[PDB]
C-alpha cells in the first residue's frame, strides 16, 4: 500500500518523552512485540506524543497513524480512537491476529489512563 508503506517507511512520532504526563506499555509474545506510548498533556489535550516498538515492527504503521490522529485531541476524544477507526484511516491492514492489531490503541489508552491516575 502506498499509504501504509509511507507509515512503515516514514513513521510519525517515533521516540521517547523524558518526563511524560502519561505512559502506556503493552505487549504480547504472540505478536513478537512490546510497545510504548508517551504523552504530554497541555490544557485538556494531547500536546505531544511518541511511540516506540521493541521486537517485531508489524505494529509500526498503525502506531504511526494512531499517534498522528491522537495529537492535539482532548483526552476524551483520544480515548475514543480505536483500532477500527485507525484501520479505516489506513484503509485496512494485512492479515493479523486481532490482539496484535489492537496494540497501538491499547498502549494509547493505557497512557491516557496513566495520566488520569495523577
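Positions refer to the first chain, counted from 1.
- For the two regions 84-92 and 36-44, the entry's Cα B-factors average higher over 84-92.
- Once the C-alpha B-factors are averaged per stretch, 105-113 and 16-24 rank with 16-24 first.
- Among the modelled residues of its chain, residue 69 has a C-alpha B-factor that falls in the middle third, as given in the PDB entry.
- Ranked within its chain, residue 58 lands in the lowest third, by CA B factor from the PDB record.
- Ranked within its chain, residue 30 lands in the lowest third, by CA B factor from the PDB record.
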